[PDB]
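Asker: What follows is a structure written as structure tokens; I'll ask about it next.
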Amino acid sequence: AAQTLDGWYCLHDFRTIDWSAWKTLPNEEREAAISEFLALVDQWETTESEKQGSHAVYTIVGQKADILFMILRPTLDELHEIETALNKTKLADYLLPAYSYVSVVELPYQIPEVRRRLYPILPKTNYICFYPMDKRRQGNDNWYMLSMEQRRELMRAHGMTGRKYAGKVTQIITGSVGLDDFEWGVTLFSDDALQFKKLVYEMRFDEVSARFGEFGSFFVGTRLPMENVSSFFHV
Amino acid sequence: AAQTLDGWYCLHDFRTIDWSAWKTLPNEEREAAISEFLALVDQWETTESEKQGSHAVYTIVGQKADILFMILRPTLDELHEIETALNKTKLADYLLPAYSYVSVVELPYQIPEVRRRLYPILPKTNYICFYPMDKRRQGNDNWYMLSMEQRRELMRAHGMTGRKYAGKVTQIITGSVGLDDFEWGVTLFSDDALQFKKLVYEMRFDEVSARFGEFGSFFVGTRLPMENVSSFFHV
Amino acid sequence: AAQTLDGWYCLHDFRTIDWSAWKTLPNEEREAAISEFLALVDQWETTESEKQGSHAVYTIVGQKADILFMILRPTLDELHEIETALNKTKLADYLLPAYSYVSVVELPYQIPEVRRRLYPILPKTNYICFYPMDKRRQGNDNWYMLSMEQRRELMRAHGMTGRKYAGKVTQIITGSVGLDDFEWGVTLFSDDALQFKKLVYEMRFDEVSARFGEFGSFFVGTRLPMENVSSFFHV
Amino acid sequence: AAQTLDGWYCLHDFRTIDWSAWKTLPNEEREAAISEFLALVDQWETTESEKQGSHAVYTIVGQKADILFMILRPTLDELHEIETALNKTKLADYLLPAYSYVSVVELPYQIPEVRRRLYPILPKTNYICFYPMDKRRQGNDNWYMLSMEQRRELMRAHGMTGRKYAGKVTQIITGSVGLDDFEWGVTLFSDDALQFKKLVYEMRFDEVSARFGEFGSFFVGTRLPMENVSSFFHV
Amino acid sequence: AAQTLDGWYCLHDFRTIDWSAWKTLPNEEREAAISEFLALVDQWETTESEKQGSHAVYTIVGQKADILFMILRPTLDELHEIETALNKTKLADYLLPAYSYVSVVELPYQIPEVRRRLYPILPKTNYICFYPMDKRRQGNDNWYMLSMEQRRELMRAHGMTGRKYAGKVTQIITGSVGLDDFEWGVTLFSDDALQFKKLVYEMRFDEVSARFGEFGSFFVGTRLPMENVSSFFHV
């Protein structure tokens with residue numbers, strides 16, 4: 001439990017778009033709101049450039065959310081600051097809360113492979129998929145009640161499945177024990193959305209997922225480039 | 001797990017109708033909204049004609065939803081585009097979100113059989129029934145913890161029950177592992193709604209359903225022809 | 001599973017009353033809305049008279065709902081038509097959705113005892129109680145994983161308990177497998193509401209209920225005569 | 001199951017206060033609303049005086065509710081009448097639904113100790129605590145699948161714990177099997193809120209609670225005297 | 001069960017901010033609302049100074065809440081008074097309910113180490129984390145069905161893990177059995193938010209947490225100094 005290394009805090013803020021209200025909003029007002037929001041992201045982009053954090057915006061398919069802002073920042077107070085600045089934009093009046101997840105990029109800190117994974121510049125992949133997950137603490141299947149070595153072996157097969165889908169799916173695991181309602185946030189990034197299906201399905205047939213995986217909601221979306229943001233809100 | 005073949009992405013977008021608001025809306029405005037929406041579907045119909053996708057609109061009985069748009073498109077980005085275009089219609093101001101399900105038609109791709117099943121033109125049947133389902137990963141009954149051969153045999157009896165209700169119920173199974181909250185979306189199409197009851201009940205007495213089936217909400221509805229859409233929104 | 005005989009579709013539409021809004025509505029407008037709604041029910045009454053369906057309206061105690069329209073119609077498309085006509089009334093602007101249940105009166109069709117039970121004219125009893133129920137498919141207690149004969153014997157004791165409370169509680173069981181979220185809708189009708197408590201409690205001590213019963217929400221209400229409808233909405 | 005004796009119907013109607021709206025309401029209008037509501041309770045007080053029912057109003061701490069009206073009436077139709085009269089008050093425009101529970105005071109009717117317990121004048125204690133409860137029907141722990149004598153012995157230790165906290169906590173158990181979503185409503189009344197913690201905690205270490213108790217939400221509140229009602233709504 | 005000592009009542013009132021509405025509110029009105037709210041807290045600060053209670057305000061990261069007022073007062077009626085005074089502020093019009101938890105600081109009363117722990121002046125730490133928790137009463141893992149000595153030993157290892165993270169994480173456990181929906185509220189205070197992750201994760205590998213821990217939602221936030229309140233609401 002002391003073996004896990006801790007990088008950036010990560011907020012997945014999923015919002016839904018109040019299209020009806022948004023349409024009511026005058027054109028010039030809508031335009032300003034997009035400008036306002038874009039300048040916000042421009043701030044975030046500066047942070048990313050300084051390697052002081054990272055973000056991703058994805059539009060989510062389905063009705064659980066419309067848009068996902070995924071923010072990685074060094075401090076949790078920074079996260080809070082970003083959420084608050086978002087929420088105080090015009091545009092955010094139309095971005096209703098949908099779901100959020102706070103978590104900490106988790107895997108000595110100095111080593112580059114660790115450094116990259118702990119302070120990850122989020123991949124600009126076509127699609128993203130997010131789900132929070134727990135390890136079952138239920139009866140016979142109680143991961144916590146497992147031996148370190150059992151758990152190690154369990155995680156060995158998990159690593160194998162993951163590794164098959166490396167170079168296809170980038171996987172950012174964030175631990176959220178004591179930050180949120182589940183234990184891990186798994187965020188997958190692929191240029192192919194089907195690879196998410198492929199990876200998560202294969203993984204379920206690993207004892208660790210089969211027996212110990214308790215999952216939250218899955219959200220998949222498509223990258224929203226910032227050049228595409230004006231368009232996406234055009235009514 | 002690598003054996004499943006993958007066709008179209010499928011979005012079931014269920015909405016509820018805000019009749020109260022809709023009535024408030026002036027007549028000519030309502031009329032335009034239906035025109036607007038119909039022209040949208042006309043787009044979708046063109047897509048279906050080009051064999052580049054498929055759709056179905058069904059009005060759902062009960063209060064879980066009012067209307068179900070089921071869209072099959074080759075890419076998930078296309079799905080998202082359709083949802084977004086829907087949501088930016090006037091009519092969609094009155095079509096409140098109710099439930100949605102994203103999934104991928106799942107079952108070499110070149111074969112004329114399987115091509116049909118992977119890229120299915122949705123049946124224009126009188127009724128539809130949708131439910132998402134999982135396989136139980138719970139204690140003794142943990143499908144994932146099952147042998148491939150066990151699972152094979154389990155699915156053998158399932159196929160038998162299905163096959164009895166073939167030529168009555170058309171069955172589109174969509175996998176949604178890593179796309180949505182359950183593992184499969186089952187969409188049934190019949191000219192007789194009772195056949196859904198018949199099929200799903202018989203199926204529950206199969207070990208696979210009896211022991212491994214975890215189900216979501218069931219939605220049943222009636223086909224909304226597009227000629228019937230004007231009428232259905234008439235207030 | 002093929003042994004069950006199928007009568008009318010049954011919709012339990014439970015709504016809550018938006019009293020605050022309703023009061024805001026001018027008196028003459030409120031009056032019209034009640035007239036409008038009453039004329040609707042008058043339609044339904046004509047259907048009942050022709051033996052082409054049945055209905056009941058009950059005001060529900062508690063906050064889960066305010067009013068329950070229970071509609072039995074031959075086709076599910078008819079159900080949908082009724083729901084839609086309800087929803088497009090003025091009054092329905094104030095009857096917010098609360099809960100709904102679709103199901104099919106289930107128990108050769110020609111035989112009168114079957115005919116009566118399959119196409120039941122709903123009892124005009126003082127009180128009603130509704131709850132959806134499932135049979136547990138959970139571990140040791142998995143009704144579906146039970147032998148036909150076991151199930152038969154289970155249902156034998158159930159019939160005994162039911163039969164004690166016959167002539168007091170009328171019981172309409174509707175199957176909703178593949179129509180709704182549970183497997184059965186149980187609707188009880190008695191002139192004495194306590195008989196519901198009596199029946200459902202006694203039943204829980206039957207192995208079938210004790211071990212296999214998974215229940216939904218219970219709703220109990222009081223018959224709303226149509227002569228009483230004007231009064232009930234008077235503000 | 002036939003051994004339980006049945007007294008008054010009991011509605012716990014918990015509401016939340018829409019303070020924002022309430023403040024918007026003009027002063028004289030607010031004043032009238034309190035007058036209106038008070039005159040309602042004055043009706044209820046008359047009922048209590050005639051021994052034809054009982055009530056209690058408690059403001060609930062926390063956000064689950066703001067105010068709890070607990071009404072005991074002889075008939076369920078009377079309950080419904082009271083709820084409906086409440087809901088058609090001005091004040092009730094600001095008393096949003098939060099949670100409700102219907103149940104029947106349960107424990108030969110002629111005997112005074114029974115009579116008192118069946119038709120209980122609710123204690124005017126400083127605090128109240130309410131929670132609905134079930135008996136677990138889950139695997140090994142299935143109370144219904146228990147022998148009458150086992151259950152008897154189980155309830156023997158329960159009575160012991162209760163009896164320790166008698167003269168401190170008054171306990172009104174209402175059965176709601178076939179009236180509501182759980183099996184019992186437990187309402188505790190004490191001049192000391194901590195006695196609720198004391199009683200319910202001690203009780204959990206009784207096999208009956210430890211093994212068979214499934215609980216709903218707990219609500220605790222403070223008596224709202226009627227002379228305190230004007231004050232409590234003062235904005 | 002009689003061994004636990006009882007200090008202050010504790011209300012965690014989590015609210016969300018209605019930023020959209022708040023922005024609509026004129027500047028001078030917003031300013032007054034902050035003044036109004038600050039003067040309220042100034043009251044609370046006076047209470048804290050008199051050692052007659054304590055509070056903390058934290059802004060919560062994520063969408064489950066925006067702001068957490070944690071109030072410890074000697075009486076539950078005082079708690080209720082504070083909640084009610086909050087709710088009747090202008091600002092509270094924009095502080096929508098999100099989640100609340102009532103509980104009693106639990107551990108002779110006179111002993112200073114007890115006194116401090118029972119009547120705790122809440123730490124002005126940079127971050128807070130709150131979650132309610134239960135002890136599992138489920139099958140084999142039924143804490144209540146455990147021997148006092150078993151439980152003692154269970155809690156021994158728990159104390160060890162806690163003690164490691166003492167001087168880093170301050171831990172206020174509040175019992176809420178018979179006050180709220182879970183059994184304990186755990187509130188952690190650290191200058192480092194990661195220490196929460198560290199503590200709660202390590203704790204999960206203790207038999208007591210691994211086997212007996214059932215957790216509610218976790219909320220983490222950042223201290224909102226009162227000098228920072230004007231700023232935080234600035235739009």
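Going through the structure tokens in order, the chains are called A, B, and so on, while each chain numbers its residues from 1 and the ligands are numbered from 1 in the order shown.
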Pick out the residues sitting within 7 Å of range 7-18 of chain D, and hand them over as number ranges by chain; count only C-alpha atoms, and ignore anything fewer than 4 positions along from it in its own chain.

Answerer: D: 22, 65-76, 79, 94-106, 118-119

Asker: Just asking: which residues within range 15-229 of chain D are alpha helix (DSSP H) according to DSSP, as an NGL selection string?

Answerer: :D and (19-24 or 27-49 or 76-87 or 112-118 or 148-164 or 194-203 or 207 or 229)

Asker: Just the selected residues (C-alpha atoms), exported as a tab-separated table (two decimals), in the first residue's frame, please.

Answerer:
chain	number	residue	atom	x	y	z
D	19	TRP	CA	-36.84	28.60	1.46
D	20	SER	CA	-35.84	30.47	-1.65
D	21	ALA	CA	-39.34	30.51	-2.99
D	22	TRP	CA	-40.80	31.04	0.40
D	23	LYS	CA	-38.78	34.22	0.82
D	24	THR	CA	-39.94	35.54	-2.56
D	27	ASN	CA	-44.91	38.98	3.86
D	28	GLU	CA	-48.72	39.16	4.22
D	29	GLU	CA	-49.00	36.15	1.89
D	30	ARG	CA	-46.49	34.20	3.92
D	31	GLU	CA	-48.42	35.20	7.06
D	32	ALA	CA	-51.69	33.94	5.60
D	33	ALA	CA	-50.01	30.68	4.58
D	34	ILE	CA	-48.88	30.11	8.10
D	35	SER	CA	-52.34	31.00	9.42
D	36	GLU	CA	-53.83	28.61	6.83
D	37	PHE	CA	-51.50	25.80	7.82
D	38	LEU	CA	-52.00	26.42	11.51
D	39	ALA	CA	-55.78	26.19	11.14
D	40	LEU	CA	-55.19	22.87	9.42
D	41	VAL	CA	-53.20	21.57	12.32
D	42	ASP	CA	-55.94	22.99	14.57
D	43	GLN	CA	-58.28	20.59	12.76
D	44	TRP	CA	-55.84	17.75	13.44
D	45	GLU	CA	-55.62	18.83	17.09
D	46	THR	CA	-59.42	18.56	17.33
D	47	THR	CA	-59.15	15.02	15.91
D	48	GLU	CA	-56.49	14.19	18.51
D	49	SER	CA	-58.70	15.62	21.29
D	76	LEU	CA	-56.36	5.18	5.23
D	77	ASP	CA	-58.87	7.26	3.34
D	78	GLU	CA	-58.58	9.79	6.21
D	79	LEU	CA	-54.83	9.75	5.80
D	80	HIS	CA	-55.20	10.49	2.15
D	81	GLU	CA	-57.61	13.28	2.94
D	82	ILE	CA	-55.09	14.92	5.27
D	83	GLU	CA	-52.22	14.62	2.86
D	84	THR	CA	-54.42	16.12	0.17
D	85	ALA	CA	-55.55	18.99	2.37
D	86	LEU	CA	-51.96	19.66	3.33
D	87	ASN	CA	-50.91	19.62	-0.29
D	112	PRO	CA	-56.45	-0.96	27.38
D	113	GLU	CA	-52.71	-1.66	27.03
D	114	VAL	CA	-53.40	-2.88	23.48
D	115	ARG	CA	-55.84	0.03	22.91
D	116	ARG	CA	-53.24	2.61	23.96
D	117	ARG	CA	-50.54	1.02	21.80
D	118	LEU	CA	-52.85	0.52	18.79
D	148	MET	CA	-41.72	-19.33	14.52
D	149	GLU	CA	-39.83	-20.28	17.75
D	150	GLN	CA	-36.46	-19.11	16.42
D	151	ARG	CA	-38.11	-15.80	15.55
D	152	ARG	CA	-39.73	-15.69	18.94
D	153	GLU	CA	-36.36	-16.04	20.68
D	154	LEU	CA	-34.84	-13.57	18.32
D	155	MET	CA	-37.54	-11.05	19.27
D	156	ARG	CA	-37.02	-11.87	22.96
D	157	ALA	CA	-33.55	-10.27	23.08
D	158	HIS	CA	-34.89	-7.41	20.98
D	159	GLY	CA	-37.56	-6.76	23.59
D	160	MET	CA	-34.84	-6.73	26.27
D	161	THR	CA	-32.85	-3.98	24.54
D	162	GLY	CA	-36.00	-1.96	23.86
D	163	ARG	CA	-37.10	-2.32	27.49
D	164	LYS	CA	-33.77	-0.86	28.71
D	194	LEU	CA	-28.65	10.65	21.94
D	195	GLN	CA	-30.86	8.00	23.40
D	196	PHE	CA	-31.75	7.22	19.82
D	197	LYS	CA	-28.09	6.55	19.05
D	198	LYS	CA	-27.83	4.53	22.26
D	199	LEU	CA	-30.91	2.45	21.55
D	200	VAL	CA	-30.37	1.76	17.84
D	201	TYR	CA	-26.70	0.97	18.34
D	202	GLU	CA	-27.31	-1.40	21.22
D	203	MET	CA	-30.03	-3.04	19.21
D	207	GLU	CA	-28.89	-11.18	16.64
D	229	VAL	CA	-44.26	27.50	13.52

Asker: Check range 32-235 of chain A with DSSP on the backbone and list each residue it calls strand (DSSP E), as an MDAnalysis selection string.

Answerer: chainID A and resid 54:60 67:73 95:106 127:135 137:138 141:142 170:175 184:190 213:215 219:223

Asker: Can you work out which residues from chain C touch chain D at a cut-off of 9 Å (counting only C-alpha atoms) and hand them back as a PyMOL selection string?

Answerer: chain C and resi 19-21+23+59-64+126-127+129-131+138-141+193-202+204-207+209-213+215-222+232+234-235

Asker: Using only C-alpha atoms, which of the listed residues (C:173, C:166, C:57, C:5) sits closest to residue 124 in chain C?

Answerer: C:57

Asker: Take CA of residue 208 in chain C and CA of residue 133 in chain C and report the distance between them in Å, one decimal.

Answerer: 11.9 Å

Asker: Using CA of residue 123 in chain A and CA of residue 189 in chain A as the two end points, give the distance in Å to one decimal.

Answerer: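 Taking CA of residue 123 in chain A as the start and CA of residue 189 in chain A as the end point, the length is 6.7 Å.
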
Asker: Could you jot down the CA of residue 227 in chain A to CA of residue 55 in chain A separation for me, Å, one decimal place?

Answerer: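 CA of residue 55 in chain A lies 15.4 Å from CA of residue 227 in chain A.
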